[PDB]
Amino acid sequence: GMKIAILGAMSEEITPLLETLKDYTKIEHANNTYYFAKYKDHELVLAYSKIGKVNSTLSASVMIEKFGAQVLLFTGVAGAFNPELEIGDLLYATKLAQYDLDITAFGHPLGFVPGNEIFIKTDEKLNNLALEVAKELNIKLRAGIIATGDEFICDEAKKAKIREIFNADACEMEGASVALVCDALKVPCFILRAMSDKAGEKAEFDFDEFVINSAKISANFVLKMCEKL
């Protein structure tokens, strides 16, 4: 088997996995809790990072560098941009950008800084494994572009703008950051999100209503990938 990191942002995104696993140990590190469990020949390390790009960047780095994760699967929820996405639908990111990284005053495109690309890619083999698991268990799974930034998006103008600029199918606050860390540290990354809202007016209310259930959909799916890994 192998060491696998499973990461969400919030307790709701990781608690369903801890309940399924039953037996696990906990370790305080980096002002957070990291959870350790065996599963089908694999050694799992799980955590919720707390919200946003910095927190998620630190959790990814800790899980790989201190705890030796060889693969990282991200599971959580997201705001839908693509009108064909409904609440509860699963989307995996083929590539991701930071919509709020902005040095456009120097004539560079939005999302770009020197040394880096605008879009960071996820691992192709993990994405194909996800497609087989989706086919095998008759689950609907969509591929797409996720736009990451440190704002909860609940505004039609902002939604439209980010979608237009990056051709994004959903938005969230941890994806591109986690993907960047994994790529830099040479670890295969997979980013999965279940929609909790549509990122327009009253998205905050839809988020509160659907987060728990959508988080379970995503959570279940990444554990099914661990079976096939």
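We call the rigid core the largest set of C-alpha positions that still match within 1.5 Å between the two forms. From 1 onward, residues are counted along the sequence shown.
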Segment of greater CA departure in 5 other deposited structures of this protein, 195-203 or 181-189, core superposed
195-203
Report the stretch with the higher root mean square CA deviation, pooled over structures and residues in 5 other deposited structures of this protein, choosing between 204-212 and 217-225 after a rigid core fit.
204-212
146-154 or 120-128, whichever carries the higher mean Cα B-factor:
120-128
Greater mean Cα temperature factor according to the PDB record, 211-219 or 19-27:
19-27
Per the coordinate record, which of the options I64, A37, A47, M195 holds the highest CA temperature factor?
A37
Taking the Cα B-factors listed in the entry, which of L137, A93, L73, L101 comes out highest?
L137
Using the temperature factors of the C-alpha atoms in this entry, rank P83 within its chain: lowest, middle or highest third.
highest
Using the temperature factors of the C-alpha atoms in this entry, rank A105 within its chain: lowest, middle or highest third.
middle
Please place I162 in the lowest, middle or highest third of its chain by C-alpha B factor as given in the entry.
middle
Which third, lowest, middle or highest, does the CA B-factor of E204 fall in along this chain?
highest
Where does the C-alpha B-factor of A168 rank in its chain, lowest, middle or highest third?
highest
